[PDB]
Each structure stands twice: as structure tokens, then as C-alpha cells.
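Structure first, then comments.
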Amino acid sequence: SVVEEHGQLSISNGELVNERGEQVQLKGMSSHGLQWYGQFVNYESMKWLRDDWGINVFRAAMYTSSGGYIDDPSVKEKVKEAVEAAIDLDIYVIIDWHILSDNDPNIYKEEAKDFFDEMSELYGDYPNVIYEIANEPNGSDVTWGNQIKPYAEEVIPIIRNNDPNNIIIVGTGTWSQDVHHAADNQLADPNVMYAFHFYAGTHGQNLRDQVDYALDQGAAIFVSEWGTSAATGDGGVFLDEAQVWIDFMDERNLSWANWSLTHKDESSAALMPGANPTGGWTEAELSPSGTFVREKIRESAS
Ligand SMILES: OC[C@H]1O[C@@H](O[C@H]2[C@H](O)[C@@H](O)[C@H](O)O[C@@H]2CO)[C@H](O)[C@@H](O)[C@@H]1O
Ligand SMILES: [Ca+2]
Ligand SMILES: [Ca+2]
Ligand SMILES: [Ca+2]
Ligand SMILES: [Ca+2]
Ligand SMILES: [Ca+2]
């Protein structure tokens, strides 16, 4: 119903809008590394998320490094499975080229261009697809001006060759926090969004003001990843500050994907160790994080 209702997404004055030009806010889950927790990504779990949680977007996090796509490109089959399930279930899907320890997106540029050429040729005609070309650029020597913008200026045309209009999300500096730098030197492609990522246990008002600065420059922002834990992963979850972030995003209608759908024993994980990979979870199978996120998505679902 989601995609059938909104169809082709586009950006209008920094806002994500549907084919009728009305505002659209996507809320959903991100998988964790597909090379580690790919079993949680399948038609049945995605359907359960759609039907029981109300998600309208699913994020496929395909690490490049850490035993990911660069060493074992077969993980790409798992990306296709998710994309096809999203098309079948009528929801949106983010193909995330998940850089992290490979902190400069230019490390695997050639591979990135080949991967997105293949994905855009396969799925470029479906409105469900959203491309995320560089999860989290990071490190003091990786900046918008010298490394990220040029990277995007080379990858975008590869995608645009096959898919002229689907949304493309571009990572920003300092683990996708430096949206203000990107907002002061924006890409020309009309259908682009800058990624902003945060941890509720760590980030607060200063980063919210930064996001507002970027929004005030006409930039579109997609919170393609955010956790309820502290970046340190200590102290549990911080649902009080998480709720402050939820409200802030609702005011600005920002779309988001929560990190992450896995049973790993870490505070940000939505499931408890042992949870069923195909969904149909009981309340006891969800973590405090998963319980809160599920409620945030349900409470605004139609
Ligand atoms: O268990 C898988 C893999 O996880 C790595 O840590 C993750 C963390 O679990 C996640 O919440 C965060 O977004 O990213 C980090 C980095 O990928 C861990 O470093 C690996 O040893 C481990 O094999
Ligand atoms: Ca099957
Ligand atoms: Ca081609
Ligand atoms: Ca298209
Ligand atoms: Ca170049
Ligand atoms: Ca992160």
C-alpha cells in the first residue's frame, strides 16, 4: 500500500515528497551487517515489520569491508532478496553501500560505481528504491570538499544513467554528522539527500541545531541510521533523549531508519538473542530498544 499510495518520491525545496507533491515521511528499520546477520533479512521478517510495526522503508546495510562485499560479493544476493521483498511488499528499500572502517569513500570508488550501475540497471524503474552511496565517511582527513562531494559527483551519474529520478542519500563527514558542511556546498542533482546519523546516548541539542542549520540552507536530510544507545554502547538505552530526537524529526518530517534489526547483544539491537529470524516476534523477543522503536513506528502508522 505504501508505494502504491506515494509512488515516485522526489525532493522539493529540501522536502521528501510523493508523486502528488505531498510530504512523505518514511520510518523503518536497518538491518545490521548483512555478512553477519543476513538471516534477519527476508520476505517474512520484512512483512512482519510492515504488518506488525508499520514500517514503510527497510535499509539493507551491505558492509564493504569487515568480511563484506569487497571480500565476498555474494552478500549482494542478500541485497537483491531484500529489494525484491520490498517490491513485493510495496514498501521502500534503501541499498546501503556501508562504508565504515574504510572511512574514505574513494577507497572503493571503482567497486561502488560497478555495484550501483548493476543495481540501478536492475531496479531503476521501481519507485521503491533509494540508493545510499556511502554510509559513514569519517576521520579528520575525510571532508566534504576534498573527498565526499567529488565521490558523489562521480557515482551519481553512474546511477543517473540508468535511473534518472530515484532518491540518492549521500553520507557526510564525521560519521554522517557534518550536514552543515555539505549544506554549504550542495550537489546539483535535484533528487539528493544528505545523511545525518546519531546516537541518543551521545548526541543532543548541538547536533540538532546543526541539522537545523543544514535544513535552513535548503538541504534535504535523511536520518538513514540512528541508535537508542550511547556510541560507547555502555549504560543501556537512552529512550528519554531518543524521544526528544523522535519529536524533533516529526516536527521537521524527517525520514529515518533505526539501527538495527539483529539479536546481537548490544543495546541498540532491536531483538533479544535467539529471536526468530523470520519474524512473528513475541514481546519477550524484543529488546527495550526494539520495544520503543516498534511503538514509535506503530503510533504513526495508518
Ligand atoms: O557482531 C558483528 C561485528 O560487529 C562490529 O561492531 C559493530 C556494532 O555491532 C554496530 O552496532 C555498529 O553500527 O557498528 C560496529 C562496526 O561494524 C564489531 O566491531 C565486529 O568485531 C563484529 O564481528
Ligand atoms: Ca523463501
Ligand atoms: Ca552499465
Ligand atoms: Ca527511477
Ligand atoms: Ca574522478
Ligand atoms: Ca553508525
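In the C-alpha cells, chains take letters A, B, ... by order of appearance, with residues numbered from 1 within each chain and ligands from 1 in the order shown.
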Next on the checklist: Just want the 7 Å neighbourhood of residue 54 (chain A), counted on only C-alpha atoms, with same-chain residues fewer than 3 positions away dropped. Output as a PyMOL selection string.
Outcome noted: chain A and resi 49-51+297-298+301
Selected residues written out with C-alpha atoms, as a compact mmCIF listing (two decimals), in the first residue's frame:
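What ended up in result-v2.txt:
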# COMPACT_ATOMS: atom_id res chain seq x y z
CA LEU A 49 7.84 -5.46 10.19
CA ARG A 50 5.44 -3.97 7.67
CA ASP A 51 2.32 -5.51 9.21
CA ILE A 297 6.55 3.29 14.19
CA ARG A 298 3.16 1.88 15.19
CA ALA A 301 1.06 4.08 11.20
Item to check | Every residue of region 54-239 of chain A that DSSP places in strand (DSSP E), as an NGL selection string | outcome: :A and (57-63 or 92-98 or 129-132 or 168-170 or 192-199 or 221-227)
Go ahead and save the picked residues with C-alpha atoms, as a short mmCIF file (atom, residue, chain, number, x, y, z; two decimals), in the first residue's frame.
data_model
loop_
_atom_site.label_atom_id
_atom_site.label_comp_id
_atom_site.auth_asym_id
_atom_site.auth_seq_id
_atom_site.Cartn_x
_atom_site.Cartn_y
_atom_site.Cartn_z
CA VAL A 57 11.13 1.54 4.49
CA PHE A 58 13.77 -1.16 5.03
CA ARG A 59 17.51 -0.44 5.00
CA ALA A 60 19.86 -3.15 3.62
CA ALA A 61 23.26 -2.44 5.19
CA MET A 62 25.84 -4.04 2.92
CA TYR A 63 29.21 -3.54 4.55
CA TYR A 92 10.60 1.43 0.08
CA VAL A 93 14.10 0.00 0.32
CA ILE A 94 17.50 1.56 0.84
CA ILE A 95 20.52 -0.06 -0.81
CA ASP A 96 23.31 0.99 1.54
CA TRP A 97 26.95 0.77 0.42
CA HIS A 98 28.00 0.56 4.07
CA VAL A 129 14.44 2.02 -4.49
CA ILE A 130 16.59 4.53 -2.66
CA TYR A 131 20.39 4.48 -3.06
CA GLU A 132 22.72 5.23 -0.12
CA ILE A 168 20.09 9.18 -3.59
CA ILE A 169 21.32 9.66 0.01
CA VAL A 170 24.92 10.91 0.40
CA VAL A 192 19.62 14.08 -3.37
CA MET A 193 19.51 13.88 0.43
CA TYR A 194 22.36 14.21 2.94
CA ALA A 195 22.68 11.56 5.64
CA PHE A 196 22.57 12.53 9.32
CA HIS A 197 23.29 9.79 11.91
CA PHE A 198 23.12 9.97 15.72
CA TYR A 199 23.21 8.05 18.99
CA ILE A 221 18.15 15.37 5.24
CA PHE A 222 17.57 11.65 5.70
CA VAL A 223 18.37 10.17 9.14
CA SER A 224 19.34 6.88 7.48
CA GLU A 225 20.75 5.47 10.70
CA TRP A 226 20.30 6.19 14.43
CA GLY A 227 20.63 4.18 17.64
#
Checklist entry - Using only C-alpha atoms and all ligand atoms, what are the residues with an atom within 12 Å of ligand 6, set out as a PyMOL selection string? => result chain A and resi 30+32-33+61+63+98-101+103+134-138+171-177+195-200+202+223-233+257-260+268
Skipping near chain neighbours, those fewer than 3 positions away, what residues fall within 8 Å of region 284-294 of chain A using only C-alpha atoms, listed as a PDB file with N, CA, C and O atoms, in the first residue's frame?
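As a result, result.pdb now contains:
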ATOM      1  N   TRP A  53       4.799  -3.728  12.775  1.00  0.00           N
ATOM      2  CA  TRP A  53       5.415  -2.489  13.231  1.00  0.00           C
ATOM      3  C   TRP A  53       4.890  -1.279  12.447  1.00  0.00           C
ATOM      4  O   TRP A  53       4.893  -0.184  13.000  1.00  0.00           O
ATOM      5  N   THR A 228      19.513   3.978  19.782  1.00  0.00           N
ATOM      6  CA  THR A 228      18.949   4.428  21.044  1.00  0.00           C
ATOM      7  C   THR A 228      20.029   4.345  22.133  1.00  0.00           C
ATOM      8  O   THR A 228      19.836   4.827  23.245  1.00  0.00           O
ATOM      9  N   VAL A 237      20.048   1.782  27.114  1.00  0.00           N
ATOM     10  CA  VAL A 237      19.454   2.651  26.107  1.00  0.00           C
ATOM     11  C   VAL A 237      19.078   3.967  26.771  1.00  0.00           C
ATOM     12  O   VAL A 237      18.938   4.015  27.996  1.00  0.00           O
ATOM     13  N   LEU A 239      16.199   6.229  26.130  1.00  0.00           N
ATOM     14  CA  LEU A 239      14.919   6.465  25.458  1.00  0.00           C
ATOM     15  C   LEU A 239      14.356   7.828  25.732  1.00  0.00           C
ATOM     16  O   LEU A 239      13.522   8.353  24.980  1.00  0.00           O
ATOM     17  N   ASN A 258      16.033   3.005  11.905  1.00  0.00           N
ATOM     18  CA  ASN A 258      16.673   2.709  13.173  1.00  0.00           C
ATOM     19  C   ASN A 258      17.702   1.597  13.039  1.00  0.00           C
ATOM     20  O   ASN A 258      17.494   0.653  12.280  1.00  0.00           O
ATOM     21  N   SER A 267      23.120  -2.847  23.119  1.00  0.00           N
ATOM     22  CA  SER A 267      21.963  -2.034  23.446  1.00  0.00           C
ATOM     23  C   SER A 267      21.133  -1.570  22.265  1.00  0.00           C
ATOM     24  O   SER A 267      19.902  -1.503  22.415  1.00  0.00           O
ATOM     25  N   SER A 268      21.768  -1.205  21.153  1.00  0.00           N
ATOM     26  CA  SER A 268      20.993  -0.715  20.010  1.00  0.00           C
ATOM     27  C   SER A 268      20.228  -1.805  19.280  1.00  0.00           C
ATOM     28  O   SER A 268      19.331  -1.490  18.480  1.00  0.00           O
ATOM     29  N   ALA A 269      20.550  -3.071  19.490  1.00  0.00           N
ATOM     30  CA  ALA A 269      19.877  -4.162  18.788  1.00  0.00           C
ATOM     31  C   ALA A 269      18.397  -4.201  19.148  1.00  0.00           C
ATOM     32  O   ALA A 269      18.047  -4.071  20.324  1.00  0.00           O
ATOM     33  N   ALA A 270      17.535  -4.427  18.165  1.00  0.00           N
ATOM     34  CA  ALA A 270      16.096  -4.453  18.427  1.00  0.00           C
ATOM     35  C   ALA A 270      15.605  -5.768  18.997  1.00  0.00           C
ATOM     36  O   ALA A 270      14.535  -5.797  19.609  1.00  0.00           O
ATOM     37  N   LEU A 271      16.321  -6.860  18.779  1.00  0.00           N
ATOM     38  CA  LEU A 271      15.872  -8.176  19.207  1.00  0.00           C
ATOM     39  C   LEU A 271      16.778  -8.779  20.277  1.00  0.00           C
ATOM     40  O   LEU A 271      17.954  -8.417  20.376  1.00  0.00           O
ATOM     41  N   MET A 272      16.219  -9.699  21.048  1.00  0.00           N
ATOM     42  CA  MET A 272      16.996 -10.395  22.062  1.00  0.00           C
ATOM     43  C   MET A 272      17.624 -11.614  21.382  1.00  0.00           C
ATOM     44  O   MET A 272      17.097 -12.117  20.377  1.00  0.00           O
ATOM     45  N   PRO A 273      18.778 -12.031  21.885  1.00  0.00           N
ATOM     46  CA  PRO A 273      19.471 -13.200  21.364  1.00  0.00           C
ATOM     47  C   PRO A 273      18.494 -14.352  21.194  1.00  0.00           C
ATOM     48  O   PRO A 273      17.701 -14.603  22.102  1.00  0.00           O
ATOM     49  N   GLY A 274      18.487 -15.035  20.060  1.00  0.00           N
ATOM     50  CA  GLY A 274      17.562 -16.136  19.855  1.00  0.00           C
ATOM     51  C   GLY A 274      16.280 -15.778  19.135  1.00  0.00           C
ATOM     52  O   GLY A 274      15.555 -16.696  18.726  1.00  0.00           O
ATOM     53  N   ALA A 275      15.960 -14.495  18.963  1.00  0.00           N
ATOM     54  CA  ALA A 275      14.714 -14.112  18.293  1.00  0.00           C
ATOM     55  C   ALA A 275      14.575 -14.778  16.928  1.00  0.00           C
ATOM     56  O   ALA A 275      15.574 -14.961  16.230  1.00  0.00           O
ATOM     57  N   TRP A 281       7.651 -12.075  16.147  1.00  0.00           N
ATOM     58  CA  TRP A 281       8.245 -11.975  17.454  1.00  0.00           C
ATOM     59  C   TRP A 281       7.237 -11.774  18.575  1.00  0.00           C
ATOM     60  O   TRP A 281       6.272 -11.011  18.481  1.00  0.00           O
ATOM     61  N   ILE A 297       7.062   3.459  15.572  1.00  0.00           N
ATOM     62  CA  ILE A 297       6.546   3.287  14.194  1.00  0.00           C
ATOM     63  C   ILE A 297       5.060   2.992  14.191  1.00  0.00           C
ATOM     64  O   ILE A 297       4.336   3.519  13.340  1.00  0.00           O
ATOM     65  N   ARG A 298       4.586   2.181  15.138  1.00  0.00           N
ATOM     66  CA  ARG A 298       3.162   1.878  15.191  1.00  0.00           C
ATOM     67  C   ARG A 298       2.299   3.114  15.430  1.00  0.00           C
ATOM     68  O   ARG A 298       1.239   3.270  14.832  1.00  0.00           O
TER      69      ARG A 298
END
Next on the checklist: Residues contacting ligand 5 - anything with an atom at most 8 Å away, using only C-alpha atoms and all ligand atoms - can you give me those as a PyMOL selection string?
Outcome noted: chain A and resi 150-151+154
Checklist entry - In Å to one decimal, how far is CA of residue 149 (chain A) from CA of residue 179 (chain A)? => result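 Between CA of residue 179 (chain A) and CA of residue 149 (chain A) the gap works out to 12.0 Å.
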Next on the checklist: Which residues are near ligand 3 - at most 8 Å, using only C-alpha atoms and all ligand atoms? Format: as a list in words.
Outcome noted: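 Those within range of ligand 3 are residues 114, 117, 118, 121, 158 and 162 of chain A.
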Against ligand 4, which residues of chain A fall within 9 Å? For each one I want the closest pair of atoms and the distance in Å (one decimal), counting only C-alpha atoms and all ligand atoms, rows by chain and increasing residue number, as CSV.
residue,atom,partner,partner_atom_place_in_ligand_line,distance
A:8,CA,ligand 4,1 (Ca),7.7
A:120,CA,ligand 4,1 (Ca),8.2
A:123,CA,ligand 4,1 (Ca),7.8
A:124,CA,ligand 4,1 (Ca),4.5
A:125,CA,ligand 4,1 (Ca),4.3
A:126,CA,ligand 4,1 (Ca),5.8
A:127,CA,ligand 4,1 (Ca),5.9
A:128,CA,ligand 4,1 (Ca),8.7
A:129,CA,ligand 4,1 (Ca),7.8
A:160,CA,ligand 4,1 (Ca),8.7
A:162,CA,ligand 4,1 (Ca),7.9
A:163,CA,ligand 4,1 (Ca),4.5
A:164,CA,ligand 4,1 (Ca),5.7
A:165,CA,ligand 4,1 (Ca),4.8
A:166,CA,ligand 4,1 (Ca),4.7
A:167,CA,ligand 4,1 (Ca),8.5
Checklist outcome for this item: CA of residue 234 (chain A) to atom 9 (O, counted along the ligand's line) of ligand 1 measures 12.6 Å
Return as a Markdown table the residues of chain A lying at most 9 Å from ligand 2, together with the closest atom-to-atom pair for each and the distance in Å to one decimal, counting only C-alpha atoms and all ligand atoms, with rows in chain order and ascending residue number.
| residue | atom | partner | partner_atom_place_in_ligand_line | distance |
| --- | --- | --- | --- | --- |
| A:42 | CA | ligand 2 | 1 (Ca) | 7.5 |
| A:43 | CA | ligand 2 | 1 (Ca) | 7.0 |
| A:44 | CA | ligand 2 | 1 (Ca) | 8.0 |
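Taking CA of residue 235 (chain A) as the reference point, CA of residue 265 (chain A) is found at 13.2 Å.
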Next on the checklist: Which residue is closest to ligand 1? Choose from A:55, A:70, A:16, A:34 and count only C-alpha atoms and all ligand atoms.
Outcome noted: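 Ranked by minimum distance to ligand 1, first place goes to A:34.
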Checklist entry - Mind checking DSSP for region 3-194 of chain A and telling me the alpha helix (DSSP H) residues as a PyMOL selection string? => result chain A and resi 3-6+34-37+43-48+76-89+109-123+149-162+173-176+179-183
Next on the checklist: Report as a VMD selection string all protein, DNA and RNA residues lying within 6 Å of region 182-185 of chain A, evaluated on only C-alpha atoms, omitting residues in the same chain fewer than 3 positions from it.
Outcome noted: chain A and resid 179 214 217 219
File of the preceding selection, N, CA and C atoms, as a compact mmCIF listing (two decimals), in the first residue's frame:
# COMPACT_ATOMS: atom_id res chain seq x y z
N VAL A 179 26.41 17.66 8.27
CA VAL A 179 25.46 18.08 7.25
C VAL A 179 25.59 19.57 6.96
N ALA A 214 21.62 23.02 8.46
CA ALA A 214 21.57 22.42 7.12
C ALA A 214 20.22 22.58 6.47
N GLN A 217 19.58 25.80 4.90
CA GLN A 217 20.24 26.12 3.63
C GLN A 217 19.55 25.44 2.45
N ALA A 219 18.89 22.20 2.24
CA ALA A 219 19.34 20.82 2.08
C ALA A 219 18.29 19.80 2.52
Item to check | A:140, A:65, A:1, A:161 ranked by distance to residue 89 (chain A), top pick (using only C-alpha atoms) | outcome: A:1
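You can rank A:201, A:139, A:218, A:280 by their closest distance to residue 245 (chain A) using only C-alpha atoms, and at the top of that list sits A:201.
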Next on the checklist: Which residue is closest to ligand 1? Choose from A:238, A:29, A:262, A:248 and count only C-alpha atoms and all ligand atoms.
Outcome noted: A:262
Spatial neighbours of residue 108 (chain A), max dist 9 Å, only C-alpha atoms, sep filter under 5 positions, as a CSV table (one decimal) with N, CA, C and O atoms, in the first residue's frame:
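Listing of around29.csv after writing:
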chain,number,residue,atom,x,y,z
A,64,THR,N,31.0,-3.0,3.1
A,64,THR,CA,32.0,-3.2,2.0
A,64,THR,C,33.2,-3.9,2.6
A,64,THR,O,33.6,-4.9,2.1
A,70,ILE,N,33.4,-6.3,-0.5
A,70,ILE,CA,34.7,-6.3,-1.2
A,70,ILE,C,35.3,-7.7,-1.1
A,70,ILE,O,35.7,-8.2,-2.2
A,102,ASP,N,36.5,1.6,6.3
A,102,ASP,CA,37.1,2.1,5.1
A,102,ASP,C,36.5,3.6,5.0
A,102,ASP,O,35.6,3.8,4.3
A,113,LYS,N,31.0,2.2,-8.0
A,113,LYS,CA,30.4,2.5,-9.3
A,113,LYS,C,29.9,1.3,-10.0
A,113,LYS,O,28.8,1.3,-10.6
Item to check | Counting only C-alpha atoms, the option among A:4, A:104, A:212, A:15 closest to residue 56 (chain A) | outcome: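 When distances to residue 56 (chain A) are compared using only C-alpha atoms, the smallest one comes from A:4.
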